[PDB]
Every structure is written in structure tokens, then in C-alpha cells.
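A short write-up of the structure that comes next.
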Amino acid sequence: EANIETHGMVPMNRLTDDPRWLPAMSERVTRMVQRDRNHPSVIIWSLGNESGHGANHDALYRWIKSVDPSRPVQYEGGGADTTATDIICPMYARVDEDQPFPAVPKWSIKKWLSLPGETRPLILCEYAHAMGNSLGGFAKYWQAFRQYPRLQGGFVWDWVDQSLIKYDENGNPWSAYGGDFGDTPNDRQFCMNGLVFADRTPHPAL
Amino acid sequence: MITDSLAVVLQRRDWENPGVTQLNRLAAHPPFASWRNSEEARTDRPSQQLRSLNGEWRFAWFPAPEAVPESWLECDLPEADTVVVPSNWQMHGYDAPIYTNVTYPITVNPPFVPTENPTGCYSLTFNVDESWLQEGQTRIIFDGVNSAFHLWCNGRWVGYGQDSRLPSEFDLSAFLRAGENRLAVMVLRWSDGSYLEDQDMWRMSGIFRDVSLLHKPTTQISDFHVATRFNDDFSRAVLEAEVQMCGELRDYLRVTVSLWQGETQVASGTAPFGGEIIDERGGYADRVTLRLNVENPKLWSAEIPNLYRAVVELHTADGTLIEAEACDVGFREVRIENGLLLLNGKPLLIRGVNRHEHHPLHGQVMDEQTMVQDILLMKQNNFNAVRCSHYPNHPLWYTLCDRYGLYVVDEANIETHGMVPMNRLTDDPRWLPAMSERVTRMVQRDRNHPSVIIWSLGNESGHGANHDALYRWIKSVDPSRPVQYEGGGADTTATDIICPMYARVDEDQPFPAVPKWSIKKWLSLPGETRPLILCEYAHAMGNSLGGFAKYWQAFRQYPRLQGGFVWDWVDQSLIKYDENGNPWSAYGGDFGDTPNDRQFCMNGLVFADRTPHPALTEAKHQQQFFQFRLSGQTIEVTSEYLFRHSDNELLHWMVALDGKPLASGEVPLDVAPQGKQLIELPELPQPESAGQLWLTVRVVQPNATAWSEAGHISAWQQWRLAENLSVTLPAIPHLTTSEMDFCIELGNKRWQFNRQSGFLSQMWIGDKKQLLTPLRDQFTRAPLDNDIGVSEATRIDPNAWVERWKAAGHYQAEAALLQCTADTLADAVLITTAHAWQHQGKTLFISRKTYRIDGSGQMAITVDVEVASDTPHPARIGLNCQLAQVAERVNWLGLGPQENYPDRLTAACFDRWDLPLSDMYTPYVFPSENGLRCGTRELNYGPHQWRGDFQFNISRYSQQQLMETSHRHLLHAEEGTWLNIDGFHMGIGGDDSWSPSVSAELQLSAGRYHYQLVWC
Amino acid sequence: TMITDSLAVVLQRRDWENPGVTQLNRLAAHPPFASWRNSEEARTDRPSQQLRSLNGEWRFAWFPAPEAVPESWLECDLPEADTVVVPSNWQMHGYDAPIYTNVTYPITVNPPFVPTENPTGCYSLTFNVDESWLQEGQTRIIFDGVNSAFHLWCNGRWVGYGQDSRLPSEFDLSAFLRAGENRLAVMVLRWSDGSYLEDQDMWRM
Ligand SMILES: [Mg+2]
Ligand SMILES: [Mg+2]
Ligand SMILES: [Mg+2]
Ligand SMILES: [Mg+2]
Ligand code: NA
Ligand code: NA
Ligand code: NA
Ligand code: NA
């Protein structure tokens, strides 16, 4: 994945639809492709994460397809099925229930496969958010994956908790999350979504 | 202060860095004027907020940027001169302009440029009103600077900027003071951007476009796009207006968009700011989209350029106007459907031409008067489209094309022709930012102009991944126009249109990696579905445009061949002055310029001062919008117009025996677009006198238009009607023979045949001689530019026609007499001669002639010529003599009135023509063979008459002098008048000027030739 | 030549608040290279003597803003600089707090400007170069990752600038190095215009 994410813009594509930011985005994509194109383990290029959909994304998708046609390109931006992706790659789309949001609906993956004119494979870039005591309904995803040929799986969110170690007055270490360092406005325990603890001890959901 | 100094500013060498293409430059936008009154914006009055800085500036030239003294930043140098801006400093003698075609004018080592980098220092001292500095924002706009510059205001460094053909704008609000202000501009001739500006043109520099100051309010319109959508039959249209604002959002702000058709408002819309939901994060708060419904809109096209006026008002809820902008709106839809380029649902036929911005006196500075003259001439010669040759043009050009009706191809300023392998930069991701700037800024500037129908990604830069990226970017941002690009074989993935350069009609050109198929074959290659429009064809170098009619036959026959753009409109010649002060036209190398490409800068259909070449009439004839068919005695007229009825058209017809007119008439034209009208001629006369009858028709526009005067002839055609072969029939000339001459008398005429040479050496009328040079065979012509055909000045070609002719010895062949015999018939004298032209013992041609002098004084000449099959086919077969007389007028019965060649005679008409002797010479800047008239049955010079079926030219310059003289101003008239009469003449070619291009059937490849001439 | 290497000149053009300038004097990207002078060593992937790791002990000093850095840092190590291990995040040594934010940017949103209170980390390393390296060929320094933008000095001379935090930045040091002892100075800025493209849901260090 290229190092591009503009989640905090309003709208999300304010920078990625602006030609003045095209040089910086292009550097971030082209330098990654130049560095990593010889590795056999790399099977898919990704254009970034949560930056809306802008013309810069279409330009960089076409650039990658021109320079390295041996790997498909994916991108979850404005709706996960735009012209800048070879793979429908929704984030947290549910198995059977639709989530109609304006301009970027999250269809159920089964329904998504058969929308008129849609022929691409579907691989979820993020699913089964593993926050704390979680991963309920995982078996439904995997039943769906095995039943449908064009549902080719997904990537769980995510591997390891992002907790940091602090020490008490006795010097006993303890795991800290957002806000425990006095940090400017924070998002508390949402930094811990892992299947394993920060020291790589498994959670039960694993 | 230390960081504003030259030592610091120049240290980073921003002009040798592809990563830095500008510093502190504002975003691109459509043209703004910042009207504070809605009526003024609607009527397009001059705005008081837009102030022109054009005028007198101070200028100083330096050999390198390091040579500039630090005092220039605070006060004007004593040695600075005063010059007019805009201008190129090469047109003032500070350093030489350079004409190079492909090879870069500097050593190829990107991104570095030579240390000897000529530098132009411009300074202007001006005054600013206090109201401008009290509120709002003041920006300076440089429409064009070649090729990179640094900007200082009042001694403080402002910004940098690179691209030479697009505007650069900088915010001056924090730098200006009340009263007197000084700007300092340091302009560099070479930069890393020069590597992307390798176009085939004169290389100049300076502030060559307008400079202005614009004042805007703090809360302002920053951008607006207009888009039009239609229903199936174009009865309903929706005008899509998206407006963007800068400043502070307030709830009381509103945007009004009103559409005006001349004087009446046809639609209007008002809304507060805040767009539709875009994504998970919401929508644009600082944008508003206005939708306007238009009933039965008038559609824009080149034939009928209907325009609306759109006014965008930023105002408060109470009704107080803050700022207004405006643009011309044309309702038209361009799309490719099923392999055809359609405009408003109809397939286009492109009658285009490539046009550089060039003025012989001011170089590359463009003005409104020259642009208007160019547009008028193009429309008067049946062109309906123009290709901006390899860079964006002056902003007024698109407005004029909108108003007068021309389709425009807008090209980004990218050309890397001089790289090896030509895509070295365009396949490199490090150059992607600079190319992207050059494309995206042009699209942002020009996307609202209805005349722009196609985007182009540049010219001759190979094919790289950067091209694919930018193609996709344009398709994403502006899907209303197709994108084309020729580089890398003309049919790559970065083009919607197959756009080859100089592809031939029927002959393939198989180059290894980028073959040039014939266009007909190209259309049907497996898997190919796109339309084909040639971006360059029919190279118009000098005496050229042979074979043009073949291109236009192909265009009309094949639906997916939708036309092309001729190369090119105007010669790129510059004016120099001799020691007497007489101006003359100069081309490459005439300024001492570093390696140059000589006369290849002159490929125009018109001279640099906009005087037409003869090829322009051939172009006008082949491109005409009415086509004619004759099936006795009915003329069928077919309109090639797509949208307009023939309401300003009158058909004149005439029948002549020699002209000598016999009958004529007038019929109004009433034909629908792509329709047909049958015109029944009245009973045509049937004279019993011998001769060929000719029917000529012409379409005349009786009413003046915005681009033409009353009586303009737009189309014509001619046919042969009926022939009556002459079946009728007509003192004894005295022959005196001496060992040196055969001499014949008849009354007061005498002919002298030199027995040693075997040629007619002298003719007498009374006691006055008629010849300065004997009458002899001629097999050569002064080589045309197509004959020389050597693109680069250093790349010699042994396959060029002139090289083959030289190597075979055609220009040095010596005539050897084989026979010279005289006999006295019952009523005539018969002279028989034979000659052989030989080169190092090889016989090239053999000529056998009979001269028959009868009792009526006429000399009948019969010529039979044999050409060796292994020699290159000769340029001409004919006769040549220098006449003693110099007469004032030339009168002939044949094709005319203009110069025409066997390759280029479809526009000439058979009639009786009379012209001054000066009109019989076409003054091409590089002298060559010129002024031929084909299909001639009779020629009248002063006392003489020649009759037969021949081609002739007649002038004061011999073929040898034209061959040996490199500039037209160095030609000197000879003592008498040179006459060439040819039985046969080779074609001129013109598909390109760097390879042989004369089709096989216009070559003199027959083994034997015969022609007959009567001299009375 | 010295005036243009100074902090005043180098920092005057605020390259970290400019989306048009993402690097200065940075070399082209390429797949990983080791420059083996023996084919067997390359085949068996032995350590190469031409690739030298500078990881270890560096001198570090924290500043609240880039303007607060004294000009003496460019020629000699500051008395108040500590010794830290590299690679490392300076938030894991107590110099300033790490910030965890999911969506909302950690700075005020106004692309491309960043706050004037821009925490700055000054790294310096004193090292030695073999004469054979400086006799021929080309010597480059490779920064696998720097968060989030930095200016580079070698022996008091300004070398270059780089932004993207997750990809390597390489600079040619052939013209800047001398025989024997050499000093590198790296000024690392926490926020830059590139931070606007790095709004991932993770700890900001
Ligand atoms: Mg530059
Ligand atoms: Mg070229
Ligand atoms: Mg920057
Ligand atoms: Mg996110
Ligand atoms: Na499956
Ligand atoms: Na999270
Ligand atoms: Na056609
Ligand atoms: Na040319």
C-alpha cells in the first residue's frame, strides 16, 4: 500500500481531487512500485486508504497498470467499486444486510456481486473488526466465502493491538491506550483492535 | 534582506531541477476580470479591476545569471534600455534567435543547462491606488514568460514559475505599498523545462505575452466550470454550472448564474453555498452547483457559432453584488460513437490546419489583428478547424475561435523530440510532476471554451507511462472532450483517435517499431475500432501539396477517415535588413545561429506577411463544402454542411468554346444539410465551329458575413461538354546552306540552324533578333524542397531525387550531335536533327526532332525522346530558350490562372488567362522551380505564339540561377525572358519533405515520349 | 558558500509547508542494492563490505520549533545533546507525548501550512570513512525511514531534503565527505505538508 491517507479532510477527497497535490501522491506511489516490484510475495498494489475518490487516483491507477501489468491494483475510496480498482474491496461490508449510506452505500457482499454490470471479484480489505471481545459472526463470512466463487476472502482488522507500555510509581509496567499520555484530542481504546496482544499473546478470537 | 539577495535566490538553481517547477504560484483558473457590476460583466466592458502593465519597461541583457549585479534589485541600472513589453529580446538584437528542428539547442544532459545561460532583466516602476491596498487581494499575471523567471517586488523575492506557454500568477498584496512600486523580473533563456519544449520552431525568450494586475475581494470566486447536457434530439439542454469560492463562508452568501442570449435572459438560478454529499465525510461547503434548463437551445458549431453569455454573481442575500465573472457558452456535444467522432449527433469532417504563433517582425508576440486576419483567411479557404501547434495559445485566440466558428485542438506544451529514444523523459517518474503541471494547468485554464473540442497531450515525445497517467487524468476531470496523442505509433492506449503524422493514402511505410501504415489499411487492422484523423499531413514546404486530392477522395469515401490538419498555416521566416535597409525574409542559419535546420522553418500555406501561396487555392478547392456531379444536362449539387441550410448561396454557370463565352446563367441554391439539389441547365448552344466546350460552375455568396465580403466564391467545378474536331485544311521558303549553318528565308522572317550544334540558334523578324540562347532540350528542373528532401541539415540522403539526379549526371549531361539534315519540300523546308546526352560514356537520353517551316511562316516542331530505363526518371521533358524581348503581359489558353502542376492542378480551370509577367513567377523564399502552367493549348508572349498541348513557365530567371541562389532577394533578372515549354513534367510530391513522395504514376517512367509544337 | 548553508537561509524557504517541494537532491528510487564485488558473495547473500550500517549511538537534542535551533549545532555537538539509539521514535524516550487519533488530524486543518510549534529533533553522528571509499566511485547515505521530514547536513554543508516517511531517501555524499572524521547533522520535523497525506489510524510519532 502507498503511504496516502487523507481521512480527516472534508470532503475526504479534497486533496486527492486537486491537481496541485498530484506530484506528492505520484511520488508516494511511483517510489513504492520502483522499490518493491521484484518481490514475488507482493501480488497486489494498493493506492492508499480512505482518501475518497479523486482524479489523482485514476491517474496513478493507470500509471501502475502501464509500468507493472503483472499485478492487479485495488483501492477502497469513494465506494470501493470505482474505476481506480480492479477488485471490489469494501470495508466492513456485511454478509446479508445492506448499509445504505448516501453516495457510498455498503451493500451486502452477496448483493454487491450481482449489481447490474458488475463483473469484478470481491475481496474485503477490512472485515470482522477485532476490538476486544469480538469476532462474532465470523463463521457467516466464511460460509459465504466458501459458497460464492467470486467472494475470494478478505483481510481481518487487525493483527496486533497498538498499546504502549507505561510504568506506575512502583515501576510495574502496564498497557496504555489513547489519552494516557495527556495527548491532544484522542480516540481512547480504539487503538487496540488486534487478534493478539501487543506482546504477541493470543486473544481468544484467534 | 539576505534571503532576498541574488546570492541566496540563485544558489538553489531552481531552473536546473525538474522537481521545482514553480514557487508561490497561485492555482490555475479560467480567465477572470472581477467585475463589480453585473451589466458590465454581461456586456464584457473593460473592468477597472484588471490593469494592463504592457508598455515601456527597463531591460538589460546579461550572459549568465551570475553576472547580474546586486544593485539591480533596488534601483535601475544605468545601462538598462527601455523596451516594449510584450516582446522577444532576440527581435531587438541582444542575442541571436536559433532555428533547430529536432536537435536540442543546448547540450543534452538533463536536467542541467549550460552555465552560459542568457539572462534578461526587466524592471517596471508603477503606481498603485490606495483603494486596492486597503482591502482585497492584488495579484500579478504573466500570460507567458520564456522560459523561466524569478520575480521581485520592491526588493523582496516573490516567486519563480517555469512553463512558458501558460499564465503564472503571484499574490502581491503583502509586497505592495502606496504610491510608487518597482517590479524586477529576471528571465532565463534555458531551464530544465526547456527539455520539454523541443518544438520545431524558432527558439526565443523574454516576456512575450501580456502582463496585468488583477484586484479581487477577499471573499471571491476562485473557479467555475460550465457543462451542457442534452436529450436525444437536442431539443432539451441543461446548463451545469459549478462555482467555487475562496475566503470566509457566511450564511448570507449566494451565487446567481444567469444565461443571456444576446439581450434577453433565457435562464437563471440562485442558491446558497454547499454541495451534495460526496463521501463519508460530507460535501464541499465552499462549492455550489447550479442547474439551468434551456428549451430548444441554439447549438454551437463551426458553421453556425451560436453563443450565449453566462454571468456568475457572488452576492449577499439582501442583493448586494460582491463580484461577477462571465464567459461565452456554446451548446454542443462532442463524443465518439461506434468509431465516429460526432458533433451534435453528426459525424465531423475535419478541414484543419496546424498553426504556430509567429509574426515576421515581432517573433512570437501575438496581437488581435494578426489573429483575426488569420481566422478570416482560414475560413475564406474552407478550413473549419485549427490545431494549436504543440502549445497552448494566447487566451484571446479561443474567444475568437468561439465567435467566428473554428474547431480547436488544444495541446499541452510537451515535446521531447530530441531525446534518444525520445521517451527517456516521458517514461521516467521523476518527470511526471512537470508533465502533469503542463497538462492539468492547460485543462484548468481552457475547459470552458466551446471551440475546444479535443485535448492533445503534446507532440513527438514517444510513449511513456506518464502519457497514460495524464490521459486517464483528463478523462476523469473532463469527460466531455476526447483526448488524442500521436507519439509512439499514433494508436497507443493514450489516444481516443488514431492520429498519425504524414501517413500516406495507399502506400505503407514499415518502420521497425512505429510503422506508418496507409490510412485505409490502418482503419481495418484487427481489433481497431477508433476513428482516424491525421494530426499532420500534406507537408506544405515551398512548391508542394501534390497528391492532396487523393487524401480528400479518401476522406470522402471512408466514414472512419474523418479528415486531418495540414502542416502548416504560415511560414516561420523572419525579417532582416540589408546595407540599403531593404527588408528580406530570413530562415535558419541567417542569424549565425548554433546548428540549424536551414529552410525547414518555412512550411506554410501563406507567407509570413499572410500572402497566399499557390497551394492554398488547391486546399480551398479540395475542402469545399459543395460537391458537383454532371449527368448531361443536369448538375447535381450535394451539400457537405452538417447543420446549415444553403441560404447565402448562388450558383453561376457558364459555357465557353475558348472563353469566348457562349452562355451563362444564375440559379439560387436551396439544399438541406447533406441534401441534394438537381439543376437543369437550359438548352446549351451547339456551335459548328471547331473546339472543346467547357462548363464551369461557381457558388457565390451574395451577402457579406462576419468573415467574408459580398461576392465571395466558396466552391467551383469544371467539366468538358462536347468537342468538334477540326477537319479543315490550310510563297515557298528559301533554304540557303553553308558549312556552318542552315539558313531559311520567308519574306521578312529568317531561321538559322547551327550545323555544328544542331539547334535553332537565331530567328529574325525584319532585322531584329529574337533569341539570346538557342532552342535546346531540357531534362532538369531547379530542385524543389521536396526534391532536396533532407530534414536535418547534417543527414545527407542518397535516395533524394536531387541526389539521384546529380549522381546520374542529369545536371552535367553533354549533348552530342548525331544528325543534322535539311531538305526542301514542295511547299516547305524540313530540318531533321538528333542528339544524345551522355555522362561518362553512358547515354542518358536521345532526342530526335523535325522542324518544318511552311509558306505561312509557322514552324512545326516534332520531338521524340528515349530515356534509358536504368537512369532515374527525369524531372521534365521539354525545350528551353531565352527570348530577347521583355513583354508586359502573358496570355494563354490553358489551366490557370495560378501556378499548377500535374500533381496539383485540380483547382485550376481551363480558360483564357491574362496576367502581368511578374505574376508568372512565384517568389518562394528558397528559390526553386516555380510558376508552371499545365494543360496549355496556346501561349501568347509579345510577338510569338506557341500552339500544342504542353506545360510552360516563363520568367526573368533561368533554371540555373534558381538552382544556385539560396534566397529570393539575391535573384537578379536576366537580360531577356526565359521560356520553358515541356511536353511532360514530373509531379511535385508533398506527402512529406524528407523522403521521396512522388507517386509512381506521376513519374516520367515511360521509356519513350512524343510531343509536338507549332511556333508562329 | 557558508551563508547559504546556515539555518536562517535553509529554513527561510519553508519547504515543509509546500506540497510542490517533496524533496531536494534526492536520488532515484531502486530495488535494494548491496554492491557486491564478488559473484559468490552475492549468490549466497553474505554481508557486503560496501554496505555499512550507521545504526548505533547518535547525539540527540529536542527543540520546540525549528527556529529555536542554534547555529552552532551545524559545526559542533551541543553541550545539552543526549546520546540515544538509532533507529528510534523520540516519543518513546519522553521528549514529547505520542498522540493517538483515529480520523481527526493531530494539527489544525489548513493545508499545507503546519503549526509554528513544530517539534524538532536534531540528530548528529560522528563517524569515519576509509580512504579507498573516497578515492573512487560514489558514496551515498540511505535513510530507510524518517518521520516526517528532514534537512540533511554533512560537515556543515547542506545536502538535501526529504518528506515521505515510509520510503527510503538517498543522497550522494561523494562531494561532501573527507578523509578521517566526518559529522552528519539531521534536523527532523514532526509536522509537514506531507503529514496531510499521513492521517492513518495509529499512534503519531
Ligand atoms: Mg525547475
Ligand atoms: Mg518535433
Ligand atoms: Mg514540501
Ligand atoms: Mg483512517
Ligand atoms: Na469464494
Ligand atoms: Na482503530
Ligand atoms: Na470520412
Ligand atoms: Na518544419
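Residue numbers in this text run from 1 along the chain shown.
Recorded method for this deposit: electron microscopy, 2.1 Å.
Backbone N, Cα and C define each Cβ position, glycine as well.
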Given that Swiss-Prot annotates B:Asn101, B:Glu460, B:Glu536, B:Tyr537, B:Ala538, B:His539, B:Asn603, B:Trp994 as substrate-binding, name the residue from B:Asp200, B:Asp210, B:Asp223 that shares the site.
B:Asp200
Which recorded positions among B:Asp200, B:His356, B:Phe600, B:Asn603 have CB under 6 Å of ligand 8?
B:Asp200, B:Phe600, B:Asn603
Nearest-integer angstrom distance between the alpha carbons (Cα) of B:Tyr537 (substrate binding site) and B:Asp200 (Na(+) binding site):
16
To the nearest whole angstrom, what is the C-alpha distance linking B:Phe600 (Na(+) binding site) and B:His390 (site 'Transition state stabilizer')?
17
Are there any residues at least 6 positions away along the chain from B:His390 (site 'Transition state stabilizer') with a Cβ closer than 8 Å to its Cβ? List them or say none.
B:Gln199, B:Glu411, B:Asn413, B:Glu415, B:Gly458, B:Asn459
Ten-angstrom check, please: count other Cβ atoms within 10 Å of the Cβ of B:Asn596 (Mg(2+) 2 binding site), all chains counted.
22
Distant-in-sequence Cβ neighbours of B:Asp200 (Na(+) binding site), under 8 Å, six or more positions away:
B:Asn101, B:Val102, B:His417, B:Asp597, B:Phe600, B:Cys601
From B:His356, B:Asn596, B:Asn603: recorded positions whose CA lies within 10 A of B:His539 (substrate binding site):
B:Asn603
Closest of the binding-site residues to B:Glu536 (active site, nucleophile), Cα to Cα, picking from B:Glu460, B:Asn596, B:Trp994?
B:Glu460
Specify all same-chain residues, apart from the site residues B:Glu415, B:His417, B:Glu460, whose Cβ lies within 8 angstroms of the center of the Cβ atoms of the Mg(2+) 1 site, ordered by sequence.
B:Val102, B:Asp198, B:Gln199, B:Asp200, B:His390, B:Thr416, B:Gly418, B:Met422, B:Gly458, B:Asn459, B:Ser461, B:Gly487
Can you tell me which of the recorded positions B:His356, B:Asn596, B:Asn603 is spatially closest to B:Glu460 (substrate binding site)? Compare CA atoms only.
B:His356
List, in sequence order, the residues of the same chain other than B:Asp200, B:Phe600, B:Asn603 whose Cβ lies within 8 Å of the centroid of the Cβ atoms of the recorded Na(+) site.
B:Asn101, B:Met541, B:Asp568, B:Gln572, B:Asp597, B:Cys601, B:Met602
